[PDB]
Structures are given as C-alpha cells and as structure tokens.
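Raw contents of my_file.txt, compact mmCIF, C-alpha atoms:
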```
# COMPACT_ATOMS: atom_id res chain seq x y z
CA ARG D 2 144.84 154.23 206.62
CA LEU D 3 145.44 153.13 210.22
CA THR D 4 146.77 150.07 212.09
CA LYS D 5 144.65 146.95 212.51
CA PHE D 6 145.62 147.02 216.19
CA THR D 7 145.10 150.79 216.61
CA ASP D 8 141.68 150.30 215.03
CA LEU D 9 140.94 147.36 217.34
CA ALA D 10 141.78 149.29 220.52
CA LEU D 11 139.79 152.34 219.40
CA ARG D 12 136.68 150.25 218.70
CA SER D 13 137.15 148.48 222.04
CA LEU D 14 137.30 151.51 224.32
CA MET D 15 134.65 153.12 222.11
CA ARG D 16 132.35 150.22 222.96
CA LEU D 17 133.34 150.46 226.64
CA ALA D 18 132.34 154.13 226.44
CA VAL D 19 128.78 153.08 225.49
CA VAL D 20 127.32 151.55 228.65
CA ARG D 21 127.49 153.92 231.63
CA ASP D 22 124.59 152.87 233.88
CA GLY D 23 124.12 149.46 235.49
CA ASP D 24 123.47 148.19 231.98
CA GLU D 25 125.18 144.80 231.93
CA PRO D 26 128.28 142.73 232.78
CA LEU D 27 131.04 143.48 230.27
CA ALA D 28 134.47 141.83 230.24
CA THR D 29 136.96 140.72 227.58
CA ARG D 30 134.65 137.94 226.33
CA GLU D 31 131.73 140.32 225.84
CA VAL D 32 133.77 142.99 224.04
CA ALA D 33 135.73 140.47 221.96
CA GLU D 34 132.33 139.38 220.67
CA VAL D 35 130.94 142.91 220.36
CA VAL D 36 133.62 144.46 218.16
CA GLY D 37 133.76 141.23 216.17
CA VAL D 38 137.25 139.83 216.72
CA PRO D 39 138.93 136.82 218.38
CA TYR D 40 139.61 136.91 222.11
CA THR D 41 143.36 136.77 221.42
CA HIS D 42 143.50 140.17 219.68
CA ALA D 43 141.01 141.74 222.10
CA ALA D 44 143.07 140.82 225.16
CA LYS D 45 146.02 142.59 223.52
CA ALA D 46 143.92 145.72 222.94
CA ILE D 47 142.30 145.65 226.40
CA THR D 48 145.68 145.28 228.08
CA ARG D 49 147.48 147.95 226.04
CA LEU D 50 144.55 150.18 226.97
CA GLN D 51 145.03 149.29 230.64
CA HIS D 52 148.77 150.11 230.39
CA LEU D 53 147.75 153.43 228.85
CA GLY D 54 145.36 153.87 231.81
CA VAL D 55 142.04 154.18 229.97
CA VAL D 56 140.63 150.82 231.20
CA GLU D 57 140.30 149.96 234.90
CA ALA D 58 140.15 146.17 235.25
CA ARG D 59 137.82 144.80 237.90
CA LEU D 66 135.98 146.19 232.73
CA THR D 67 135.07 149.87 232.39
CA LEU D 68 136.62 153.12 231.24
CA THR D 69 138.55 155.37 233.58
CA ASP D 70 138.13 159.14 233.72
CA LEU D 71 141.43 159.15 231.85
CA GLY D 72 139.69 156.79 229.42
CA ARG D 73 137.14 159.47 228.57
CA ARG D 74 138.97 162.80 228.54
CA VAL D 75 141.94 161.66 226.38
CA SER D 76 142.81 163.12 223.00
CA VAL D 77 142.41 160.50 220.28
CA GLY D 78 145.26 161.86 218.16
CA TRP D 79 147.58 161.21 221.10
CA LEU D 80 145.97 157.84 221.83
CA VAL D 81 146.45 156.84 218.17
CA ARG D 82 150.03 158.10 218.28
CA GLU D 83 150.68 155.86 221.29
CA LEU D 84 148.89 152.77 219.91
CA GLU D 85 150.19 153.12 216.32
CA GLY D 86 153.68 154.23 217.39
CA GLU D 87 154.49 150.73 218.62
CA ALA D 88 153.22 149.58 215.23
CA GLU D 89 155.65 152.10 213.70
CA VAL D 90 158.34 150.34 215.70
CA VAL D 91 157.50 146.69 215.03
CA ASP D 92 156.06 146.89 211.52
CA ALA D 93 158.43 149.46 209.99
CA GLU D 94 161.53 147.53 211.13
CA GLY D 95 160.97 145.20 208.17
CA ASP D 96 160.74 147.98 205.60
CA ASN D 97 164.50 148.16 204.84
CA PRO D 98 164.17 150.31 201.67
CA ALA D 99 167.07 150.77 199.26
CA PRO D 100 169.11 153.94 198.58
CA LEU D 101 167.24 156.44 196.40
CA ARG D 102 168.18 160.02 195.57
CA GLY D 103 166.15 162.28 197.85
CA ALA D 104 164.77 159.42 199.96
CA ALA D 105 165.24 161.15 203.32
CA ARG D 106 163.61 164.36 202.10
CA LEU D 107 160.52 162.28 201.34
CA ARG D 108 160.75 160.44 204.67
CA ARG D 109 160.63 163.93 206.17
CA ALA D 110 157.48 164.77 204.20
CA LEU D 111 155.73 161.48 205.04
CA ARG D 112 156.42 161.97 208.75
CA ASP D 113 154.93 165.47 208.43
CA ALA D 114 151.69 164.41 206.63
CA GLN D 115 151.32 161.75 209.32
CA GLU D 116 151.59 164.50 211.90
CA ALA D 117 148.76 166.32 210.06
CA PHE D 118 146.67 163.15 210.11
CA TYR D 119 147.32 163.09 213.89
CA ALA D 120 146.74 166.85 214.17
CA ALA D 121 143.19 166.43 212.88
CA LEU D 122 142.57 163.73 215.54
CA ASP D 123 144.11 165.56 218.49
CA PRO D 124 141.01 167.79 219.12
CA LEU D 125 138.55 164.97 219.93
CA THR D 126 137.83 162.51 222.73
CA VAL D 127 136.07 159.14 222.83
CA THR D 128 132.98 160.90 224.20
CA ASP D 129 132.95 162.91 220.96
CA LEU D 130 133.04 159.64 218.97
CA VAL D 131 130.07 158.08 220.76
CA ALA D 132 127.97 161.24 221.13
CA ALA D 133 124.30 162.09 220.83
CA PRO D 134 123.20 165.72 220.21
CA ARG Y 2 151.60 154.92 206.91
CA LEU Y 3 151.14 154.66 203.14
CA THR Y 4 150.43 151.97 200.52
CA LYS Y 5 153.14 149.57 199.38
CA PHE Y 6 152.08 150.37 195.81
CA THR Y 7 151.79 154.14 196.37
CA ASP Y 8 155.28 153.99 197.87
CA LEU Y 9 156.55 151.94 194.91
CA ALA Y 10 155.25 154.40 192.30
CA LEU Y 11 156.58 157.41 194.22
CA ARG Y 12 160.08 155.91 194.45
CA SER Y 13 159.90 154.99 190.76
CA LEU Y 14 159.06 158.40 189.31
CA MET Y 15 161.37 159.91 191.93
CA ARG Y 16 164.20 157.86 190.43
CA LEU Y 17 163.09 158.81 186.91
CA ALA Y 18 163.31 162.44 188.06
CA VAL Y 19 167.03 161.94 188.81
CA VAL Y 20 168.69 161.60 185.40
CA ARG Y 21 167.95 164.56 183.12
CA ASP Y 22 170.94 164.74 180.75
CA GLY Y 23 172.07 162.03 178.35
CA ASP Y 24 173.06 160.07 181.44
CA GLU Y 25 172.10 156.49 180.58
CA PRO Y 26 169.48 154.11 179.15
CA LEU Y 27 166.69 153.61 181.70
CA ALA Y 28 163.68 151.33 181.21
CA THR Y 29 161.55 149.10 183.44
CA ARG Y 30 164.41 146.63 184.01
CA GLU Y 31 166.79 149.37 185.17
CA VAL Y 32 164.29 151.01 187.52
CA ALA Y 33 162.95 147.69 188.84
CA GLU Y 34 166.54 147.04 189.90
CA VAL Y 35 167.18 150.59 191.14
CA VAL Y 36 164.29 150.94 193.58
CA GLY Y 37 164.88 147.35 194.69
CA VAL Y 38 161.74 145.44 193.71
CA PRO Y 39 160.68 142.67 191.29
CA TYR Y 40 159.90 143.56 187.69
CA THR Y 41 156.28 142.47 188.23
CA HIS Y 42 155.48 145.22 190.76
CA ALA Y 43 157.53 147.83 188.89
CA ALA Y 44 155.61 147.31 185.64
CA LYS Y 45 152.41 147.95 187.59
CA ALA Y 46 153.83 151.19 189.00
CA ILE Y 47 155.34 152.34 185.69
CA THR Y 48 152.06 151.71 183.87
CA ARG Y 49 149.80 153.34 186.47
CA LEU Y 50 152.18 156.30 186.22
CA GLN Y 51 151.79 156.29 182.43
CA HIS Y 52 147.98 156.21 182.77
CA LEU Y 53 148.32 159.18 185.13
CA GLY Y 54 150.48 160.84 182.45
CA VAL Y 55 153.71 161.35 184.39
CA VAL Y 56 155.76 158.78 182.39
CA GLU Y 57 156.16 158.98 178.60
CA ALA Y 58 157.09 155.52 177.31
CA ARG Y 59 159.58 155.38 174.46
CA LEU Y 66 161.23 155.77 179.87
CA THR Y 67 161.37 159.34 181.16
CA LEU Y 68 159.20 161.80 183.05
CA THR Y 69 156.78 164.12 181.30
CA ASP Y 70 156.41 167.81 182.13
CA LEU Y 71 153.23 166.66 183.85
CA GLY Y 72 155.48 164.18 185.65
CA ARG Y 73 157.44 167.02 187.21
CA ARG Y 74 154.96 169.78 188.04
CA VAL Y 75 152.35 167.54 189.76
CA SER Y 76 151.29 167.88 193.37
CA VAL Y 77 152.30 164.80 195.35
CA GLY Y 78 149.29 164.96 197.67
CA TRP Y 79 147.07 164.60 194.60
CA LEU Y 80 149.33 161.94 193.09
CA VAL Y 81 149.17 159.97 196.36
CA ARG Y 82 145.41 160.44 196.47
CA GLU Y 83 145.16 158.95 192.97
CA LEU Y 84 147.59 156.05 193.58
CA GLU Y 85 146.34 155.21 197.10
CA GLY Y 86 142.67 155.80 196.26
CA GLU Y 87 142.57 152.64 194.17
CA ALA Y 88 144.14 150.96 197.19
CA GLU Y 89 141.29 152.44 199.23
CA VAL Y 90 138.96 150.72 196.78
CA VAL Y 91 140.56 147.28 196.53
CA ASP Y 92 142.02 146.88 200.02
CA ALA Y 93 139.21 148.43 202.08
CA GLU Y 94 136.56 146.25 200.41
CA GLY Y 95 137.67 143.42 202.69
CA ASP Y 96 137.38 145.45 205.89
CA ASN Y 97 133.68 144.64 206.57
CA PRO Y 98 133.65 145.94 210.19
CA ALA Y 99 130.78 145.16 212.55
CA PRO Y 100 128.14 147.56 213.96
CA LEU Y 101 129.51 149.75 216.75
CA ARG Y 102 127.88 152.74 218.44
CA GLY Y 103 129.33 155.87 216.85
CA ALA Y 104 131.22 153.99 214.12
CA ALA Y 105 130.30 156.37 211.30
CA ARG Y 106 131.26 159.44 213.34
CA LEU Y 107 134.74 157.93 213.63
CA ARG Y 108 134.81 156.98 209.94
CA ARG Y 109 134.16 160.68 209.38
CA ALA Y 110 137.12 161.63 211.58
CA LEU Y 111 139.48 159.10 209.98
CA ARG Y 112 138.61 160.35 206.50
CA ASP Y 113 139.34 163.89 207.74
CA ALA Y 114 142.78 163.11 209.30
CA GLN Y 115 143.62 161.36 206.02
CA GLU Y 116 142.72 164.55 204.22
CA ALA Y 117 145.15 166.39 206.54
CA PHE Y 118 147.86 163.85 205.75
CA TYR Y 119 147.14 164.61 202.06
CA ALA Y 120 146.91 168.35 202.75
CA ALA Y 121 150.51 168.37 203.99
CA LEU Y 122 151.60 166.62 200.75
CA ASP Y 123 149.63 168.77 198.32
CA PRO Y 124 152.18 171.68 198.36
CA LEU Y 125 155.15 169.74 196.93
CA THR Y 126 156.29 168.28 193.61
CA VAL Y 127 158.71 165.48 192.72
CA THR Y 128 161.33 168.13 191.92
CA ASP Y 129 161.03 169.22 195.57
CA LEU Y 130 161.68 165.61 196.65
CA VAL Y 131 164.86 165.20 194.61
CA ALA Y 132 166.24 168.72 195.11
CA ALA Y 133 169.66 170.21 195.71
CA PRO Y 134 170.00 173.72 197.26
```

Written as structure tokens, how would this file's structure read?
Amino acid sequence: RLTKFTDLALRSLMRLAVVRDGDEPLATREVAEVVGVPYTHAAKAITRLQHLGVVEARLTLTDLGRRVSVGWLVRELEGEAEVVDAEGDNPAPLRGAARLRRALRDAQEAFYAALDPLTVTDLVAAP
Amino acid sequence: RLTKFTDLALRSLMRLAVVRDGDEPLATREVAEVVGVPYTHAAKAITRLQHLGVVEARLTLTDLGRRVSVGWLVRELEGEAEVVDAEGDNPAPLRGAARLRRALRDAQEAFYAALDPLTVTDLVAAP
C-alpha cells in the first residue's frame, strides 16, 4: 500500500489534470471538496505539489506537472513519509534483520519501478 | 511500506528459523519477548503462521516453514490486511481513478515480485 498523503497529492494533481479549457474556477476549496478531504490536508498536498513544481498558484498544473514520472513523484512524496513515519519504528535486534531491510527496500524499488514509466496524463487518459 | 502484522509474522518465523540444534525452549512467550511485542499480537502471528503451515506447534518451523517463497508468504499475510484495512478506504469518484488503481496493484505486484525469489533461510543466512 501507499501513503495517505502520497495518495492525497496524487488524487489532487490528477483532478487538476482534468480541466484544461476555460472550464471553471478551481482553487484549494474546490479541490479539497472534489477529492473528498478536509481543506487542512489538501493545502498540505497542494503546497508540497507547488514545492515540487507541478502546481502553479495563481490553481492549475504546470508543464512539469504533466510530463513527470509518477514513480519519481511518489518517491518524492512518500520519501518524506519514510522519514517522518519510519522514525517511530525502532525495531529490536533480530538475527538477519538488516538482510531483510535490504530486501524490503528492493521490493519497494520494484513497486516504484513499475510506476516510473507513466505520467499523470496516462492516469487521466481517454483512448 | 508493509503491514505491521505482516512484519510481525516475518520477524517471528525469522526468529524461529534461528535456533536449529537443541539450543533452548522456545514458545510464544519467548518469541513475544524476542521480537519485542506484546503476547497478544505474537499469538496472532504464531497462529496465522500455523494456519499457513510454517509453524508446527508442540514451537519450531516446519520444512514448509523453511522452503517457502517470502513474496508469496507476504501476499498471504498482507492480503488479509488488504481485505480488512482497505475496506475502510471508501475513496470518492475521481476521473481516471480505476486506471490508477490498476497501476497501484501492478507496482504492488512488482514489490512482491522482488520478494518471490527468496526464502526465510536466505534472510537468516551466513556465508
């Protein structure tokens, strides 16, 4: 599974990918409603997506916002979760623990490897 | 990342892999201490590992307990977590949501694909 935040940001920019013509006014209120979350979590996602340069804030996607690999975007959004959340793991000494930790980091990289090929435009497509 | 339970069971049978000679008496009390968790969670892991046939309970590993693929074992331990935990996800309608859900299930399968090659004996090894 993923991160609740990583999820949130993905859904958010995925929704901002949707409208491309003069469809409507969309800001943090509109998208906080749309993806179905409080405004407090959606400001966090919108801003961390502005700091990663996908959202230009006057809200729309940037060209960066559309051509970016999702596996990398997930790495960047979920890596901070790997920092904050995994600091309170503190597991005990077990024989072979680090050899597993190696394997788990690898399988995670395969998870990310399957998501590196695709963009947000691939997510919200229409053949 | 993984499941707290999946983790727990892995560490448990990994510890039961350790002693193979007449080293000591090991039961659910000993291993609940060893991997550093309450007895209440460790009985759940020990039993779900007996129902998956890796632990013979008179506690040791079975031959099944040693030659099993970990990617499959994780699939089986974390799949029930995919049932219980993901029932309370209930996400809202988003354009392209199911195409993502496809991708996320795939990347997960790549995560598991990297863990399918290895056993518990590979985890607790010694070249």

message = Can you work out which residues from chain D touch chain Y at a cut-off of 6 Å (counting all atoms listed in the file) and hand them back as a PyMOL selection string?
response = chain D and resi 103+106-107+114-115+117-118+121+130-131

message = With all atoms listed in the file as the counted atoms, please give the residues lying no more than 12 Å from residue 43 of chain Y, apart from itself and same-chain residues fewer than 3 positions off, as a ChimeraX atom specification.
response = /Y:5-14,28-40,46-50

Residues near residue 69 of chain D, cut-off 10 Å, all atoms listed in the file, skip fewer than 3 positions along chain, as a PyMOL selection string = chain D and resi 17-18+51+54-58+66+72-74

Give me a file of those residues, with C-alpha atoms, as a compact mmCIF listing (two decimals), in the frame of the given file.
```txt
# COMPACT_ATOMS: atom_id res chain seq x y z
CA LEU D 17 133.34 150.46 226.64
CA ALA D 18 132.34 154.13 226.44
CA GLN D 51 145.03 149.29 230.64
CA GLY D 54 145.36 153.87 231.81
CA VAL D 55 142.04 154.18 229.97
CA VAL D 56 140.63 150.82 231.20
CA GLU D 57 140.30 149.96 234.90
CA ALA D 58 140.15 146.17 235.25
CA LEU D 66 135.98 146.19 232.73
CA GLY D 72 139.69 156.79 229.42
CA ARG D 73 137.14 159.47 228.57
CA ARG D 74 138.97 162.80 228.54
```

message = Report, in Å to a single decimal, how far apart atom CA of residue 45 of chain D and atom CA of residue 87 of chain D are.
response = 12.7 Å

Between atom CA of residue 80 of chain Y and atom CA of residue 53 of chain Y, distance in Å (one decimal) = 8.5 Å

query = Which residue gives the smallest distance to residue 76 of chain D among D:44, D:134, D:124, D:92, with all atoms listed in the file counted?
reply =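 Looking only at the distances to residue 76 of chain D, the closest residue turns out to be D:124.
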
key: Atom pair atom CA of residue 26 of chain D / atom CA of residue 79 of chain D: separation (Å)   =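 These atoms are spaced 29.2 Å apart.
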
Because some atoms of segment 102-117 of chain D are absent here, can you restore N, CA, C and O atoms and send them as an mmCIF file, keeping the file's coordinate frame?
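The new file out-v2.cif reads:
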```cif
data_model
loop_
_atom_site.group_PDB
_atom_site.id
_atom_site.type_symbol
_atom_site.label_atom_id
_atom_site.label_comp_id
_atom_site.auth_asym_id
_atom_site.auth_seq_id
_atom_site.Cartn_x
_atom_site.Cartn_y
_atom_site.Cartn_z
ATOM 1 N N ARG D 102 167.896 158.595 195.496
ATOM 2 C CA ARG D 102 168.180 160.020 195.570
ATOM 3 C C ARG D 102 166.971 160.761 196.141
ATOM 4 O O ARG D 102 165.849 160.618 195.646
ATOM 5 N N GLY D 103 167.200 161.518 197.215
ATOM 6 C CA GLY D 103 166.150 162.280 197.850
ATOM 7 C C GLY D 103 165.259 161.499 198.798
ATOM 8 O O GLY D 103 164.227 162.027 199.225
ATOM 9 N N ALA D 104 165.639 160.269 199.157
ATOM 10 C CA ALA D 104 164.770 159.420 199.960
ATOM 11 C C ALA D 104 164.448 160.033 201.319
ATOM 12 O O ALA D 104 163.303 159.961 201.787
ATOM 13 N N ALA D 105 165.449 160.623 201.974
ATOM 14 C CA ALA D 105 165.240 161.150 203.320
ATOM 15 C C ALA D 105 164.402 162.417 203.302
ATOM 16 O O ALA D 105 163.714 162.720 204.285
ATOM 17 N N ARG D 106 164.446 163.170 202.201
ATOM 18 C CA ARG D 106 163.610 164.360 202.100
ATOM 19 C C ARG D 106 162.140 163.953 202.026
ATOM 20 O O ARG D 106 161.272 164.577 202.663
ATOM 21 N N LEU D 107 161.862 162.846 201.330
ATOM 22 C CA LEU D 107 160.520 162.280 201.340
ATOM 23 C C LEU D 107 160.170 161.803 202.742
ATOM 24 O O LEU D 107 159.141 162.198 203.295
ATOM 25 N N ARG D 108 161.010 160.938 203.321
ATOM 26 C CA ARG D 108 160.750 160.440 204.670
ATOM 27 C C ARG D 108 160.385 161.577 205.617
ATOM 28 O O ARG D 108 159.456 161.450 206.425
ATOM 29 N N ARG D 109 161.048 162.728 205.464
ATOM 30 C CA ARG D 109 160.630 163.930 206.170
ATOM 31 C C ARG D 109 159.171 164.265 205.860
ATOM 32 O O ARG D 109 158.341 164.406 206.775
ATOM 33 N N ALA D 110 158.834 164.368 204.565
ATOM 34 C CA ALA D 110 157.480 164.770 204.200
ATOM 35 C C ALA D 110 156.428 163.794 204.729
ATOM 36 O O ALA D 110 155.400 164.210 205.279
ATOM 37 N N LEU D 111 156.674 162.491 204.575
ATOM 38 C CA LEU D 111 155.730 161.480 205.040
ATOM 39 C C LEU D 111 155.522 161.565 206.549
ATOM 40 O O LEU D 111 154.376 161.489 207.030
ATOM 41 N N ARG D 112 156.598 161.812 207.308
ATOM 42 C CA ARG D 112 156.420 161.970 208.750
ATOM 43 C C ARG D 112 155.582 163.205 209.052
ATOM 44 O O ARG D 112 154.753 163.191 209.976
ATOM 45 N N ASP D 113 155.727 164.257 208.234
ATOM 46 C CA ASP D 113 154.930 165.470 208.430
ATOM 47 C C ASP D 113 153.437 165.226 208.183
ATOM 48 O O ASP D 113 152.607 165.508 209.056
ATOM 49 N N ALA D 114 153.084 164.683 207.005
ATOM 50 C CA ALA D 114 151.690 164.410 206.630
ATOM 51 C C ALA D 114 150.963 163.536 207.632
ATOM 52 O O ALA D 114 149.709 163.603 207.744
ATOM 53 N N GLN D 115 151.716 162.550 208.165
ATOM 54 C CA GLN D 115 151.320 161.750 209.320
ATOM 55 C C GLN D 115 151.025 162.628 210.527
ATOM 56 O O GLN D 115 150.049 162.401 211.251
ATOM 57 N N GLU D 116 151.879 163.619 210.779
ATOM 58 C CA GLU D 116 151.590 164.500 211.900
ATOM 59 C C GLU D 116 150.342 165.334 211.630
ATOM 60 O O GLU D 116 149.717 165.826 212.572
ATOM 61 N N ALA D 117 150.000 165.582 210.353
ATOM 62 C CA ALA D 117 148.760 166.320 210.060
ATOM 63 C C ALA D 117 147.520 165.447 210.228
ATOM 64 O O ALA D 117 146.519 165.886 210.808
#
```
